[PDB]
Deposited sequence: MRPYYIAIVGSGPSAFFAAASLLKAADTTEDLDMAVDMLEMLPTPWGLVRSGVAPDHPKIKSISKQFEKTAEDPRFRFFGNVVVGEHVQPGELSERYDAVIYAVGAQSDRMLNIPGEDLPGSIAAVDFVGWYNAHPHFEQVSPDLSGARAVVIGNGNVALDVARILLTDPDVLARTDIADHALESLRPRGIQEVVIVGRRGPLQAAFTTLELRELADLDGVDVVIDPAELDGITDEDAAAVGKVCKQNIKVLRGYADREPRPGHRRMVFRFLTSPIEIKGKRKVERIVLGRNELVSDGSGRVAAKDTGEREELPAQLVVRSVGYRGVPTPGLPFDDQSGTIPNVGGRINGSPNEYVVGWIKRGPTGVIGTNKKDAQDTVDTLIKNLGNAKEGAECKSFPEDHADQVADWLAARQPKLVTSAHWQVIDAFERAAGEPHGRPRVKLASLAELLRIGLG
């Protein structure tokens, strides 16, 4: 028999793991593999579909690689299966030789400041999910009619949020952005987005192409006050690294530009949100100035000066990181929002593993998940081999039984063939309108088409 591996999730780390498993089988005598991928949503691809911005279609093409893996007869997909709800980790661990958790980071990091729960104060997780038609975020429905939005954070997701808020809706109308978001964006209510970083430009997590792209936003001026660069030296930037060096060149270019009448994307560094205020909704934000100070760890940290400034704002989006969510039956590190592991094997388990953001934390481009997954898979395969040699493998038409069990637990599961129907529907909806697709934005609409 082949080894039977379950993979929980269908984003990049899941698909890289799947590919690594099948490659091992293809290149090793007396080693065969069967991979079942269980995905919470009706649709595969994780953040490649629901995270990557709608104006970033090019990198989404990595999905073709995932599709090629999914064509393998040894691979099966079961969508609309929520592990922790329909089936439990302890059940999967009985039915498979090994289980790989590739669940990513499904929630958000909080600021932990007063007013954070006011209507109008949301996380980028929820805003992005909403604009990308993720079914869990269909009702986020932010009010985008106010003149000023504030985005907290200095990673690339902060740039995505700011771009979507400020891009000409006629441009967004040719993307796969959610129709509900396009509708809210058409009035062009927001005139200024202020991106607020707690540390300085040299500590920014932005990457260079993404900063450069801002120059191509029709109708939008990028605003960086020259004072934001005082004390920011090319020497110090180069010492941080090559990306930082390039970033600072780009930021200097923006600061060199002086205009009434345009929408504005403003960068403020060395600033923290202290409190969000308003009568029943966000109306203003209190900001504090920081200075950089060595903390003894090898880095500089922001230290509050105690100074306070208030700025009117009607939307605050915190882009201060995604965050893992605990899975029933598995260990978890609250502080980091990751599952504790060693070389990808989960604590305390002989046959459960992690890959991707749930393993490493929520950082890295899509490709960073590849070596990560390979490393985990190598460990997994070594451990199976040891078990086989010790006559410690489970004894298992097992593939049929497990599929029947999945169908008993989730009669509305979505197979690969039915995802392909969803996919075709969405693409055919978009192409006549110049869009790659129009997404089905709720579970009900996805299932209307997918189970059909």
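> When the deposited sequence is counted from residue 1, which ranges lack any model?
According to the record, the gaps fall at 1, 260, 399-400.
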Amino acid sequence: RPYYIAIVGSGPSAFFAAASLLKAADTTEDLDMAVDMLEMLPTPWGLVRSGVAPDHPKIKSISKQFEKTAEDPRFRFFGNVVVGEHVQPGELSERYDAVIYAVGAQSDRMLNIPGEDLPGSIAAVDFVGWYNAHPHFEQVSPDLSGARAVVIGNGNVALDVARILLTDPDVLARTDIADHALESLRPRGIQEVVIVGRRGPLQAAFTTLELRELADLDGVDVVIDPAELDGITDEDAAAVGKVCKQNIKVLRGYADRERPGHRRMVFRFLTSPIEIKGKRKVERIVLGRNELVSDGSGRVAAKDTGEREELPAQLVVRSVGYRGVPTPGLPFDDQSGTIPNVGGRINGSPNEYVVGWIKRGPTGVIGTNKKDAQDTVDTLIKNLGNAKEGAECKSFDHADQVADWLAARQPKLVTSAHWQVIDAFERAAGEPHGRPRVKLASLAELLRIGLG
From here on, numbers count along this sequence of modelled residues.
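> Looking only at CA atoms, which has the higher mean B factor in the entry: 68-76 or 149-157?
On average, C-alpha B-factors are higher across 68-76.
> Please compare 91-99 with 129-137 and name the stretch with the higher mean C-alpha B-factor in the deposited structure.
Of 129-137 and 91-99, the stretch with the higher C-alpha B-factor average is 91-99.
> For the listed residues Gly46, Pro42, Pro54, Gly385, which one has the largest C-alpha B-factor as given in the deposited model?
Max CA B-factor in the entry, restricted to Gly46, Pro42, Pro54, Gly385: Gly385.
> Pick out which of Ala162, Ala204, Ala239, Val286 has the highest C-alpha B-factor in the PDB entry.
That would be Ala239.
> Looking at the temperature factor on the CA atom of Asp108, which third of the chain's modelled residues does it land in?
For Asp108, whose C-alpha B-factor we compare with every modelled residue in the chain, the answer is the lowest third.
> Tell me, lowest, middle or highest third: where does the Cα B factor of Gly434 rank within its chain?
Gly434: CA B-factor falls in the middle third of its chain.
> C-alpha B factor of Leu451, ranked within the chain: lowest, middle or highest third?
As the PDB entry reports it, the C-alpha B-factor of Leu451 lands in the highest third of its chain.
> Divide the modelled residues of the chain into thirds by Cα B-factor and specify which third, lowest, middle or highest, holds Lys359.
For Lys359, whose C-alpha B-factor we compare with every modelled residue in the chain, the answer is the middle third.
> Should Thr415 be placed in the lowest, middle or highest third of its chain by the C-alpha B factor in the entry?
Ranked within chain, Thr415 CA B lands in the middle tercile.
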